[PDB]
Amino acid sequence: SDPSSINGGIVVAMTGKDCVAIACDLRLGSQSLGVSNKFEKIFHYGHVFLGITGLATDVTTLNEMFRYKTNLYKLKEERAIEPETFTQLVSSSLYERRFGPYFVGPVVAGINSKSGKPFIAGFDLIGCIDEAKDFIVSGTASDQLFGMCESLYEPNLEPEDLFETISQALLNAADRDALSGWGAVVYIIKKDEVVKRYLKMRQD
Amino acid sequence: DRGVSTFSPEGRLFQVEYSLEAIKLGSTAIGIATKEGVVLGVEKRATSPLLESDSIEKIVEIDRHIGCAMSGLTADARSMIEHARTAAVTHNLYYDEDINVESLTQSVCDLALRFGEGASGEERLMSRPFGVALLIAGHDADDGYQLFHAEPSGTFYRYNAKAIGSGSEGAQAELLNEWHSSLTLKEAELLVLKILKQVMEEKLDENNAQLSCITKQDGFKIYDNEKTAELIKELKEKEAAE
Amino acid sequence: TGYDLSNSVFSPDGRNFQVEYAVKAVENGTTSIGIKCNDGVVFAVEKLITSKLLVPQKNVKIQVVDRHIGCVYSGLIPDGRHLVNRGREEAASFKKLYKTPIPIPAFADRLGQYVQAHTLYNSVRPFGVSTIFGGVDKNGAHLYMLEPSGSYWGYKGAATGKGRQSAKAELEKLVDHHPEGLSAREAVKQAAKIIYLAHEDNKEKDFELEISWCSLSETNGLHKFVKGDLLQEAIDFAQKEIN
Amino acid sequence: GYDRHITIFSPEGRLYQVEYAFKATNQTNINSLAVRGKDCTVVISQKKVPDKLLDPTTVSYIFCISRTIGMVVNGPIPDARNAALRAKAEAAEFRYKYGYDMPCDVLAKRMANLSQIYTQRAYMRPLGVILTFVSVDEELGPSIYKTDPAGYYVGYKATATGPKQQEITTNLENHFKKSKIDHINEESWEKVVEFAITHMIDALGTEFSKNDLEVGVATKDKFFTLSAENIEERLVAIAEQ
Amino acid sequence: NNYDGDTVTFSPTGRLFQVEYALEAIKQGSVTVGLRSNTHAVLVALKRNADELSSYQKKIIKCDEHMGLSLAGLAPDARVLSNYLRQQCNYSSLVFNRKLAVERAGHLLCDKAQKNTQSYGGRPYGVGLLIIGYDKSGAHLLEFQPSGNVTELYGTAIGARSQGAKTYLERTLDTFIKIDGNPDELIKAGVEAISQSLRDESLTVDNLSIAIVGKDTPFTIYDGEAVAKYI
Amino acid sequence: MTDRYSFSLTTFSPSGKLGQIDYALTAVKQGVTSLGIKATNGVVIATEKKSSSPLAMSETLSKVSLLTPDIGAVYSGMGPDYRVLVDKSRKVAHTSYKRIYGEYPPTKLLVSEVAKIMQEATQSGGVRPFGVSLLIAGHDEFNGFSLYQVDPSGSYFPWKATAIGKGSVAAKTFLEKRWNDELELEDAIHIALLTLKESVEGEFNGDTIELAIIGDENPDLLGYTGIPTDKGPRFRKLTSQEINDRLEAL
Amino acid sequence: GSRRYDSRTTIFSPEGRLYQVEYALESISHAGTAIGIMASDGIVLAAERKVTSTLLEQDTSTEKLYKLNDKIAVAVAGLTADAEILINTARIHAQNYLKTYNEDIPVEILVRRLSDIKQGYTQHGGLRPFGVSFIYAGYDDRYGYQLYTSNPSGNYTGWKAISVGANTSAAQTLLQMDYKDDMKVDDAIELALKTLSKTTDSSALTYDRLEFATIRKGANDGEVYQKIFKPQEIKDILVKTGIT
Amino acid sequence: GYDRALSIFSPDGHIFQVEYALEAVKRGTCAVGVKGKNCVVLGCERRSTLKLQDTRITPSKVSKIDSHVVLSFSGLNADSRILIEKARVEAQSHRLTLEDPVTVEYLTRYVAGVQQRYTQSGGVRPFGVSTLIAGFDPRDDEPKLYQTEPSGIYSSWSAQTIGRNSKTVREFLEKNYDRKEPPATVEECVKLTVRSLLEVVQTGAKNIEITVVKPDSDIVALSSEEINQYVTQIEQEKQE
């Protein structure tokens, strides 16, 4: 068995001009049979967003893992943790269990408050930092997004244009994949506020 | 404060002499071993009217063929009986037989030296030695009925009859005259019951004494308060017969 | 004061009173000496006969470590027999790890560190002996003496026990008369003579002599007990000097 | 008042068990000197064999801790053996973890921290010794670092330890206010052994036989002690002048 | 005093009170006397009992088929040192197929008592042993002291008023050591030896305990009606 | 053996004081004076290097230390007790906060970890409290410049400026007169030298005074120039030559 | 060996009292006063600072009011160093409970654990107990608003208003006089400062000598908002009540 | 690990650390137990010294160990929350292994045991707590009432009391309780506990709390109004 294709899912994240977007599909399978469509992959601590794909049980463990560490962090230093730091923290937590890893591929996205510079980061199973100025992808159809995103993407989109791109990127790759679909959620992160949009896509 | 394993200039262990004092605060137990079976009797002592005198536990079965009557700090005894009951059951697992009373008593007195400070924490387990003495009666295939007095000195003697507890030295002087080998089991039952009547502060009745025996055939039987009331009535009649 | 009640507590004098009392436990013991020969070493011990019941020459108080180190101690025989027993493990794990018999100057440090450790902590007694050990190795002869401080040095000759004031002076006569080197056969005769003279303090109870030696020319570097004709020839030289 | 029996802050702020340890050291009536040359460090130390039975060569106070850090100790000799065995182990361990030869600084700072641990725990007495490490470092050239039973250590242009140290200290102060440098200038290292001995003779007021000194020289690449003949050679060269 | 708190402390003269007190514990105990020749070794033991109804306490412990000891003093401590000798007699018979020499057994006890009075939180042992045994090199009789010292003797006693029997044996030394080949006469020399220490408590047939081991004799104990021959 | 040092040596006394900790503070009042002033764009911390002999070199010895690239320290009291604390602190910044966040701790968080080492020294068994008080200057991006004092009980407070040591009473009252909020880095240094000249009887020059600032950033110690995302140390220790220059401009 | 130096702290005295516990309380009456008044829709926490100077930094300071998680705060009276270890195992224990149930820990459980840890330090180990008393001011959904105090004994009890630190006799007398049960957060604000003006050692109460904190049901939605007042908000609340 | 011997015998034959634990039970507030025909009643005293408390969330001195066993204590309140916790853990542990509920004797012996151990472990002082543990055996109706002590002794009673001034309220019970014929109904038993506790309460009606345990897992604490009702009736009986 492939410890990642039991449940599938895909996550994609893009920068724009002073904003980021992180979006995914909502399916949760046990191989052929589809179980649930309510399962969300995207969680938020403070104003930093974390998408996690892969073995479904380690998505739940690793979400309650990082909520723990950041709450303690927020009580000592008295401020939400910044995205630049939080990325070292994901990495160190993973590599801590080098042998017998969590089978996941986290993706960070947020805007650093002090500077206003939007920021995204990717990972793999053990835990290396994929740094990009373009877009980060993750999941079982990560081959299909890499080709999809690169054709669409234009540097610097305004927040309501960014919302179109990252939709076409995620919609097409899900219906060319046999483990994604059943709706999708897209967050648009700006400094002031966060706007969450549920997508109407096909149920095949 | 004077150590736990410090020897005194007299050449003894402080803590073991003290614990010897704590056995004489306990309430009296008496045993008489004959050739028909041993008879154990205790002074229970109802501390108030309210008390249910029937929860005072001072005679405990250890196995089918081993009785036990205890005197002293009965609190420290909960731990000796757990170990004995285990040691007796283990031997019956390991060699499918009953253990001579002399051997079981060796095992009880091995706990009773384990008091101290150790050199790295070994198999030590107390801060102080045990504060309770046992009278372990029983019957084994080889040597008939035995009766041992296990002391917190670590040493057991085999007695023909012994009286420990508050009224021990008065009772011990009265056993020293009256014991002989003629005693049938009816004579011996009544004899223990009568020496308990002299050292008991209250009047003799079935709610503050308890008798028992161990016979080879029926095993170890604790008597019911209704059996003893028949023997209290036999004593009253025969002491006034004269 | 009160600086004596427990071990390894300094006093204002600097003295470590517990160790000073330990030296008094050595001075109570029986007498022993060691001669550093030209090519070996000789050991001698005064074994007091306490009763006629004691069997003769079965309570030997000279112990060998490995197969080329003689140890002989005064003070409390148990404390020493535990120091020697421990010395045997240190020497056997040297010969295990480097596959060569342990040099005598090395074996001296390992025993010192083990004594010395018993004046760091305040929950183990100091050792109540002084040990005179040595033997032959690749360099030649060495003679050492060890105190309850942890202090040891090389010696041309050494002596401890009750009769040590006597014997230090007598030893010194034999080092001034022979800078050339008292030869190995000659030193068995002299050892017995020194023990017989230093026995004049203890002349209450008869004693028994026991000599042993480790010598390069004689026993080929091993450790043996001088015995039979040669121990008897020495005892005769010793009776002839005192009378 | 259990503050003079273990190391706890006295009612006054002192650590009486430590202040006592210093007076335990100065008791062997050995007087030690260490002065720096241009490319070497000389240390000369009094040797005093008390009785003719003790063998002369085994008595000693200079130890060879590694290949370039010699350490002359002042105190009772069992504590010295204890401090020496432990220092040798660290100079080996260092070369094994980091792959170069333990500089002198680093060793002196390691023993200091090891000393501190014994005045903080209640179950060890402090060591009763003053340790003086001498080397020709690789980086900083000639060095001396003297360490104490408190834990304190500090660098030195030249030092003297023992009961009669006051005589030597004030003699060294006079010489470095004259010459206005931090180190004996003379170029060869035999001239600096000569210099060390001459200030000892003046300070203590007494001359030396060759059996009364034990001498140790650190040049780059080796530390060594000098034999009774190489000492005799210096002594005769000072008497000539 | 002040220094008798722990065994970690030497006194100002060098003595170890905690070790001299443990010695006392043997003078409270009952007398036992041991003697030996070249062919056999013997222990004569006074068994002590409490009041009348009490039975006598066993003073003789069988350690193996060729070695045993008697105790005098604390009966709980004897059973802790004899348990430790039992393990040693097996440990030799399994690993070297070798009857454990008596000279070695003594030096093992010596080492075990020493570690137990140096440790903080130990206690000296308060018991004396006469260990008899027959090995490859012949018969031996050892006296064990709580100090640690193991001494090899021809005869000796320990206990209460031992001095009477200790003297008797040094006068008769030449006669009872030459009793070779007659086990019966060596026991009779020992019964006499214990009657010097007895003041009151005449011997009984339930009072006396004899052990004899030798060249042709596995270790045997005579109790009860088996000691009617030697009174 | 059976080491029985589990019971703590510090016990509550019948008067509601923690005996050992009180005494510790006596020995901190005998240590040498040190002071720190917090300004708008830096902190300065300074002390006198007591040279015990002219043979001794107090150059090799240091009473001011680097803890991270942006947090210095200075101290009053026992020399040894200081040096082993600086080594626990250097270590625990790295093992327990730098690996597992990728950043040097913010100043007020390190102090919290250092206040935790004092606590364990007075709670756990068989130890005596430390004989020192630290001043810990430091800078982090969200709180700015900050100065902290730590005690041998474990308590820490943030100070606007402060002194501890022998002449602490005379130093703290001279700082309240001369302190205000406008102080730049240059003026606060000049107020730091005046305050130390009161409490120092002997030599007072650049070879015998130690002075170090947390101030503006340095890209000259950076050491690997050619990368804009780094900024390099903020701590810089003033050398002997620099210190004599602010005495000509006294 | 080391038998002599034992303080044997944990044994009873002849009266049945633990010596080390009785002392720790006396030590705690030297720390600055802390007061809690619970009203129908929130809690007030006002504590009087100790140590103050014109040269002490006050704004960033925090010495007596610590936050535990989202909905629970405490006030410290006693050794601030000792307490800082008990505050760190409180936080850890809180989030560990959130990790296992997905609920904000009930106030009753987070109190009961810090009292077991205090009790367990007088039971064994021969260590001197912590010199701390806490006022747990917390809010869950089960019972609404709660107050608790604990003492170096371990024993804890619930209060509608309570004082620890100095003049607990004097402060508890005033509080019984003026408390009422229809109170609201803004009346309790007024009472908490009115008690601290009378018990103060100061010649005059001042904003720079106060740590002030509220927990109000107030604030958007049902969620609870914990607010540690800025030093600047305290100057405003102190003119509002007219003490200055 | 701490090793010292806190419990040693004294030349007289007593452990002093056990006698001092008893004194820590005299200071504690009163607890009294009375067992009737077919119910037990546990009544505790509360302090009025402490006032302005919140009565809702004050931790009661009656705790439930299981569905049908109650334990009240006198003495150090801190020490008792440890015993209570181990009893509960034991109660469920015994439901996994035996597949039955605890008999009321098995829970008593086990609490008594944890108390015994703590008086012969080096490094640990004794508990300062005596408990009363009442309940109903499973599949039966009888009342069982047991008392433990910080020494480790336990025994069954008809009516008992521990805590402050327990001799006065024991003397009341020794002539009032008819042991041949238990108190009749449940109410008359509660009347007896309230009467017994009024001799030592030194004024108080809202300082007495009553919890009653009946068979078939019915534990119910009486409200304030129901206790106030029995106190008024008892004040009319007194007046003559």
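Chains as they are written, first to last, in the entry's author numbering: chain j, 1 to 204; chain e, 1 to 242; chain g, 2 to 244; chain a, 2 to 242; chain f, 3 to 233; chain b, 1 to 250; chain c, 1 to 244; chain d, 1 to 240.
Using N, Cα and C, we set each Cβ at its ideal position, and we do this for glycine too.
Hey, could you find the ends of the alpha helix (DSSP H) residue i is sitting in?
i      : result
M72/a  : No alpha helix (DSSP H) contains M72/a, which is instead part of the beta strand (DSSP E) from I70 to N75.
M80/e  : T74 to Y95
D221/c : That residue, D221/c, is in no alpha helix (DSSP H); it is neither H nor E in DSSP.
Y20/d  : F16 to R27
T122/b : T107 to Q123
Sorted by chain position, which residues of the same chain lie with C-beta nearer than 8 Å to residue i's C-beta, five sequence neighbours on each side aside?
i      : result
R4/d   : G122 and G123
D149/a : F23, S116 and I131
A113/a : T148, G152, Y153 and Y154
Need the endpoints of the beta strand (DSSP E) that residue i sits in, please.
i      : result
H180/e : Here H180/e belongs to no beta strand (DSSP E), and DSSP marks it neither H nor E.
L210/c : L210 to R216
For my contact list, residue i and residue j are in at a C-beta cut-off of 8 Å; report their separation, rounded to the angstrom.
i     : j      : result
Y5/b  : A123/a : 5 Å
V46/f : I160/f : That belief does not hold up - the Cβ atoms of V46/f and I160/f are roughly 12 Å apart, past 8 Å.
Could you pull out every residue in the same chain whose Cβ sits closer than 6 Å to the Cβ of residue i, ignoring the five residues on either side in sequence?
i      : result
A188/c : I37, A39 and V44
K216/e : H139
Excluding the 5 residues preceding and the 5 following residue i in the sequence, name in chain order all residues of the same chain whose CB lies nearer than 7 Å to its CB.
i      : result
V10/f  : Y122
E96/j  : none
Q242/a : none
>> If we require 4 or more residues per run, which alpha helix (DSSP H) segments fall completely within the segment 110-154 of chain a?
In response: DSSP runs (the alpha helix (DSSP H)) wholly in the segment 110-154 of chain a: none.
> What are the uninterrupted segments assigned as beta strand (DSSP E) that are 3 or more residues long and contained completely in the segment 32-99 of chain j, given in chain order?
Replying inline: For the segment 32-99 of chain j, whole beta strand (DSSP E) runs of length 3 or above, ordered along the chain, are 33-36, 42-45 and 48-51.
>> Taking 8 Å as the cut-off, does the segment 48-64 of chain j touch the segment 3-22 of chain j (at least 3 CB pairs, one atom from each stretch)?
In response: Counting C-beta pairs closer than 8 Å gives three or more between the segment 3-22 of chain j and the segment 48-64 of chain j, which meets the contact rule.
>> Extract the residue ranges of the alpha helix (DSSP H) inside the segment 162-231 of chain f, only unbroken runs of 4 or more that lie entirely within it.
In response: As far as the segment 162-231 of chain f is concerned, its whole alpha helix (DSSP H) runs of at least 4 residues are 165-173, 175-178 and 185-197.
>> Can you confirm whether the segment 151-171 of chain g touches the segment 88-98 of chain g when touching is taken to mean that 3 or more C-beta pairs between the two stretches lie within less than 8 Å?
In response: With the cut-off at 8 Å, the segment 88-98 of chain g and the segment 151-171 of chain g do not touch.
> Any chance the segment 49-67 of chain a sits against the segment 206-217 of chain a, with 3 or more Cβ pairs inside 8 Å?
Replying inline: Between the segment 49-67 of chain a and the segment 206-217 of chain a there are three or more C-beta pairs closer than 8 Å, enough to call the two in contact.
>> Suppose only complete runs of 3+ residues qualify. What are the beta strand (DSSP E) ranges in the segment 19-57 of chain f, listed by chain order?
In response: Taking only runs of at least 3 residues, the beta strand (DSSP E) segments lying wholly in the segment 19-57 of chain f are 34-38 and 42-48.
> Does the segment 161-175 of chain c come close enough to the segment 197-215 of chain c to have 3 or more Cβ pairs within less than 8 Å?
Replying inline: Here the segment 161-175 of chain c lies against the segment 197-215 of chain c, with 3 or more beta-carbon pairs under 8 Å apart.
> Going along the chain, which unbroken runs of the beta strand (DSSP E) with 3 or more residues stay wholly within the segment 9-82 of chain e?
Replying inline: 29-33, 38-43 and 69-72, all fully within the segment 9-82 of chain e.
> If you scan the segment 103-158 of chain j from start to end, which runs of the alpha helix (DSSP H) of 4 or more residues do you find wholly inside it?
Replying inline: Taking only runs of at least 4 residues, the alpha helix (DSSP H) segments lying wholly in the segment 103-158 of chain j are 142-152.
> Taking contact to mean at least 3 C-beta pairs separated by less than 8 Å, is the segment 112-119 of chain j in contact with the segment 136-156 of chain j?
Replying inline: Look at the beta carbons and you see the segment 112-119 of chain j not touching the segment 136-156 of chain j: under three pairs across the two are nearer than 8 Å.
>> Going residue by residue through the segment 33-116 of chain b, where are the continuous beta strand (DSSP E) segments of at least 3 residues, counting only ones entirely within it?
In response: Annotation: the segment 33-116 of chain b contains the following complete segments of the beta strand (DSSP E) (minimum length 3 residues), in chain order: 34-38, 43-48, 64-68 and 71-77.
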